[PDB]
Each structure stands twice: as structure tokens, then as C-alpha cells.
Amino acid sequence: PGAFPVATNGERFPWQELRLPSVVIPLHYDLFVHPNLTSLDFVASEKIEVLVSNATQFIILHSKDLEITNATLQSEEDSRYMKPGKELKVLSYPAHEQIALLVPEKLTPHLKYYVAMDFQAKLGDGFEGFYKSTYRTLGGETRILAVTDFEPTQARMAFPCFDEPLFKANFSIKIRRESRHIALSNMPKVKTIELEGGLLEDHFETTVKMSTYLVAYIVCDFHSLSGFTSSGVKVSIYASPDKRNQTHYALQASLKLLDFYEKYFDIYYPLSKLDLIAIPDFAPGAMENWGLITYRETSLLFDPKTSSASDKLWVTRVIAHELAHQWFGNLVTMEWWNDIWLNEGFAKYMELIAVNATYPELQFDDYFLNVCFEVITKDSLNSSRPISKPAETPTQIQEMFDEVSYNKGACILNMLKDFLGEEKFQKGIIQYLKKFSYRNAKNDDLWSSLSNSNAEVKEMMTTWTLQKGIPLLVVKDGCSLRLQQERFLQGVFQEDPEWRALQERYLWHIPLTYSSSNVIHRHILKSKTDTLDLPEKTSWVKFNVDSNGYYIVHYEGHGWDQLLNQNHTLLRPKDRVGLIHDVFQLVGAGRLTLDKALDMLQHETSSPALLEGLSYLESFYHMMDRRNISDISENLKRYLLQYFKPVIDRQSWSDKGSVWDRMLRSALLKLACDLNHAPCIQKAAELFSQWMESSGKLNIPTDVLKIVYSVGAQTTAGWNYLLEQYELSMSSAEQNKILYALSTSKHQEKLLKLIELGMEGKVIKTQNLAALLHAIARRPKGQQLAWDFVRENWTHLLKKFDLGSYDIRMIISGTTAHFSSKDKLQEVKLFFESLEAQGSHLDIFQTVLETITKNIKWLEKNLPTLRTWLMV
């Protein structure tokens, strides 16, 4: 009997596992909220029409930090619980964030009973649940709004509910409010009824079946700009009144993208309205609430006096990602958080399609390669995880929202789009959605639908979704296709006794694909060793075409050395950087050395190739200047300026030209005075002080703003003028760049004053705190200050953030993942074991542990080689 947990009233709680029981099933939530924005609290009532199916003496559902005052169980059918119904005993067990409704009788199956509850709480101050946010206006008034953010386990802090994504229901919502506020929610507002006190109550149309984590409601004081999509949907971009000017690109871009998705998926967006609102203190980048999409202001609003081409590119990506979610996640959602990549993998992949086919000017296809690359860094260590993987606690579910779920989800999806061909792919995607509309899909179900566009493909992708890591292609004599696959790793060489893990079951059904002329050959590799015959022999032979496959190519002999250092356009531009990328991880990996590492092309015109390789050189400089040895840094510095002096001088300090043109300019001039190369750092200072002496009158071109501001930080008369003007500005894009601009100063106290105002949270919003730290810790001057500060104020940072939070995740790897010493590796082994003193376990612990360990062993056996490039 008494094998169960104690409740808060000392009674034993009738359920013992974190997943909810399956016997009670909700169908309909009627939901009343009455928030008060001066009292900063709310009162709320709720009726859940839950259909029983098995005998049960107790209903179980979730609730957190809510005071439940009344709880009644009516029934229309089994009329023992007929009107007024009976009053229910309510037990609470917080360690599973669950409550037990103890019925006095026993519920009997196939009947519908109606659970009503009254509940109340204060508006959150943690930027989760139903919480309070502030914003500044043009005159410096601050006004208050009440927002919801629920993904993934936080809706249970706003109303008691069955808070698992499989428990889809309908949700009618009513909200009481003052006359000076508007109320928005998922659906459009049906009617407004004026009441006794001068208050209004807004009723909203019932929703389609959906998960709890998409329910939304806001109370605020915003204006909007509206337009209509071809389909029959009204799109409104809401924001603070003094920023309605900044909403123009978003309504344009939203109209196109939703037009695209409706035809591309061949499913109409099923709501009458879709609204996009720029929440000023917002923790996520944005959030795919059905019909009411919340954005960070820097993610939605675009001011052409203040915003990069890169910032226009960021806004349009996030407004593709979040519209895509309306199908991947809202229409179809994973049955449980283990297959979270079904929403996020597909959303991040759909963004690449949408922007490419809607905004070609922005040139997003050539950029996409980076996202796999970032996940490959993670995926190449043993700390990584399979794309689908069990997940039970809250903070463990929040761990599933990583670059494995987004980037690698998006890239292995990209692989299969190459193999089956976009035609068969798009038909499969449409069959997948239409089948699973308003329901829940498991990891298997997507492929079992995608395959029938071929029972072969299902176990092919089994190798990719259920197994950790990234395969390695070993090719080995004329027509020599002696294929052998491995598990690519890093910091573990064939020499080492650690390397036996390269052999466990690690067998990928890699869909290899090649060319030795302008034609691609396609063939599967389902075994450790298999092979082919070359038709005739050729100069070079390259497999990974455009790196569209999630594997790195290693030619076992005499193939690398050709690379065409004279005519490079023999090999296509994507394969150009594909080869560049592969010829550094192979260096770290253990097979190749660094002498061929710097092999690469001062006459490369595709900037993707140019920036990718040069960004690779940036890392070498920074990693060495961070340990303060100029013996290898100075050679890297003016090497890059002399050799890349033509290109650098060509650029014209203004925001003119095309998008990769404009991005190449700021990227190039970044280094240009991140190096104290006078010709241009001197340039900034006269523009800088022309503007600083103009006092907001001079206009600086877009693509140089972050550079100019950054340059003029060092003079305290500037740094103090930048901080002061930060407060004044009405562009979150502009003030982000200022905030970077103040992280550049090398004054240890000026740096920490920035951090002190973040902790306070009023002048610099708390949403920016982690990024502010992360910027500082990247400079060598502030690198140790940040590391010190986090360890000194840990318990306070943890009171701000949820610890499965992204801010906590970005603060620790932002402060530690750039280390390369054995000194710091033990010191970070401590304080990770110091925080498992408390119940604080995060996989990012090992990912960063192993990441500094791989930084040691890449200096341990690779730097001697690179001192050897002194020129003169």
C-alpha cells in the first residue's frame, strides 16, 4: 500500500510517475482569465470536459504555483454528479508538478464529466507562464503588459491542465480587461460585452484541437498594421505604438511566406487571422502560438535607418520558421518531447526553402551550409545525442531543444530531399500533414508516410535518428572505390586507447553520392566496407557534392593533393567550401596534418567560400590571442591584411550593393579595424565623432554601425555617450549593436558595470543578460572576469533562470567553451562537480568538458606545425 509519495497535506498521493495517467482524457477547456495589470495578479476559472474511459477514483493533471480555491465535478451523463455536482478533495504533489482530484464515488467509463476549478496567482516575474512585461515609450513612460509563454511545460503555471502534447483539446477563452487595453488570443475575438464596473469582457472563438503549450493570451496597449493573404487570412503585426513604423517589412514578408506555405503544403492556414506581436521583454527568439506568434523585437521589427542586411536576413528567417510551425507543430505535433525534432528539425528546414523561394535577393541557399557545420562540432564529440531520445523531467525536455534537434534535424532532412528528389519529397510531406492533421505523430510515423511517396528508407533513417554522431567516409588505386565507413570523432585518434568506441554498432546507411565530371553518381553504402568501379580514371574524384550529405569525406590516398589551386572553378562553389570545411575537421580528427590545412585562393569570388575559410582563420588568431602569446598571433595578423589587402580596400563604407555584397562589407571591415589597421579604424573615428558631435543628426550607413560604435568605445567619453544614448533609442536592433559596442572595451570595471545593470534588469533588460556575458567572455581582457563572476553569483543567476533555460545554457558554455588549457579543464571539472552538489545535472556539462579537452589535444599535437608559417 504505502509505497507512494507524501502530499503537502501529509496524505499519500495516489500516483507515482511523472507521465500523466491515460484513463481521463480532456476534450474541451472553457477558460476565463481576469488579470489585473496594476495589481499584477490574476483570477481565473476553468471547466474541463474530460471523458473517462476506465474506472478511476481520482483525476490527475498538472498545476504549478497556482492557488486552487474551488473544484467541482459535474456530469451530464452519470448523474450521481449532476448539477450542482460534488465538491472534490484536492491533493498537491509538487515534485511531479501534479495535483490529484479525489472523487468521493468512482467515475464510470465512457461517460463525460465536467471538472471546474477556480484558481489565482500573481503574474510571473520570470518571463514564463502568464507573466508581466514592461516597455518604454518615446516620452519615457513605461507601460505594462501580460503575456503567455508555455513551451514546453509552463502552461501548467497558468491554469491546471493535462499538460502533455498528446492531450489535444478545443479551448474557448474569455478575458476581462480595462478599457485602455486590448486582449488578443489564438483565435479572433467574437464579441465584447461591457460590464457593471466599466470593465470589458472579450469572448474568443473556440480553437481546433491543439496542445496546451500553444494556448496564448495577451493583455496590452498596442497598435497594428494589417493585410490580407490570398487564401482568406488577416495578418496583423502588433507592436508598441511608437514603433508601428518598424512593422512594415514583417507584414510584407509574412504575406509572401504564408502565401508560399499554403500552396507549397497544399493546406490552407485554417484560422481567419494570424497575428504577429513584438513582446519587448521576451526570453525566446519567438514562439509559434497558433494565430498569435510572439517575437522578440529584434526578431520582427525592421527600421531601415538602423538595421543590417544581416538583420533583415535574421527577421525574415524567424518569420519563416514560425509560420512553418503552424503546420509542423500546431497542425501536426510530436506525440511526446522525444521526437521534438519533428517540429523543430522541419521548421528550421522549411525556413531555408521558404526564404529561398520568396526572397532570392537575400541569397539564403549559400548560407545554409553553416547550420550543419555548427551541429557537426557538437555531433562529433561523444557528449552528443541521437536526434530522438527519451525525456522525462522538465529541464531534461528543455535540453531536447538544441542544435541536434534543429540543425541536424534540418540537415538529415536536407539529405533525403536530395535523394528522393523534391517532387517525391513534397508529395510525401503533404501526405504526412494531411494524414496527421490535428493529431500526433511519432518519429516512425513521419518516415512510414514519407516512404510511401521503399521500405528500405525506414531503416536507412533509423541509422540517422536513433544513433548518435556523424559517419566518416574512408575511400581508398585507379578505379579504387574501396569504401569503408567509421564514426567520425575528434580528440580521439586511431592511436589512442580511447578510440575503441569508434566501433560499437556505429553503422550508417550513408547515401553516398559523387562526381569525376559534371554529372553525379548515386549509390547507397549500407556496410562497413563496400565498393564500386570507376568508369575511367580522372584527375580528382569528389564524393560530398555541396555537402548535401551528413558525412565527412576522407580520401585515404593521393586525392586531396590536387586541390586545383590554379583553376578553382573546375570544382563548384559549394563543394569549394565543403572541401575547405572538411580539411580542418580532418586535421583535428587525427588523420591529416596542418601543413595542408592552409592549402587554400586570393581569386575566389564566391564569398561563401571566401568567408568560410577566412572565418576559419579568425578562430586561429582568436584562440591564440586569448592566451596572450603574440609569437603566433602577429604572423597571423598582418599576413591576413597584406594578402587580403586588395579586397579590403575595395569595400565602400556605405550600405550599398546586394545582400551578400553588403554582408561581405561588414564582415570584412570587422577584421579591418578589429586589427587596428589604421586606414579604416581611422575612418570610423571621423564618422563616429561626426555622429557623436552631430548628436543623432548625422546618419551612419547600416552595414558599418556595429563597427563604428565598437571602434569608438575605447574613449570613455564615447563609451559613456553610447551607454547614455542606448537608453534613448527606439530601435532594439540599434541598441543591440550598441550593447555589443560596450562589450568591446578592455576596462575591467567598465565591463562589470554593464554586467551589474544586467543583473538589475532595468536599463539593460534581463533578456539580454546571457548574451551580454557571452560577448564579454569572448574578449581575452574580460574572459576571466566573466568566469569569476558566474561562479560568484551562481545562485542568483539561478534565481533568475530555470537552469534548463537557454540563458543558463548560453552563460556556462559562453564563459567556458573557448578554453584550451589543462589548467581551466580541471577548474571547470570542478564547479561542475560543485553544482552536482545540488541536484543540477545538464548534458552541457559534458559537452563543454569534452570541448575544452578537444581544444587541448588540438594544441597538444597540432600547433608546432603552424608556427611554421612565418613569411617575412
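Don't overthink the numbering: it's just position in the shown sequence, from 1.
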| query | finding |
| --- | --- |
| Interval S453-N454, deposited residues with no coordinates in the entry (none, 1 to 3, 4 to 9, 10 or more) | 10 or more |
| Deposited residues lacking coordinates between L563 and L564 (none, 1 to 3, 4 to 9, 10 or more) | 1 to 3 |
| Segment of higher mean CA temperature factor, 737 to 745 or 143 to 151 | 737 to 745 |
| Higher-scoring stretch by recorded Cα B factor average, 93 to 101 or 749 to 757 | 749 to 757 |
| Selection from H321, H248, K389, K645 [criterion: highest C-alpha temperature factor in the record] | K645 |
| Highest-ranked of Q74, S299, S310, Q503 once sorted by CA temperature factor in the record | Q503 |
| Assigned third (lowest, middle, highest) for the C-alpha B factor of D30 | middle |
| Third of the chain's Cα B-factor distribution that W327 belongs to, per the entry | lowest |
| Ranked C-alpha temperature factor of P270 among modelled chain residues, by third | middle |
| Chain-wide C-alpha B factor ranking for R176, given as lowest, middle or highest third | lowest |
| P497 - which third its CA temperature factor falls in, relative to the rest of the chain | highest |
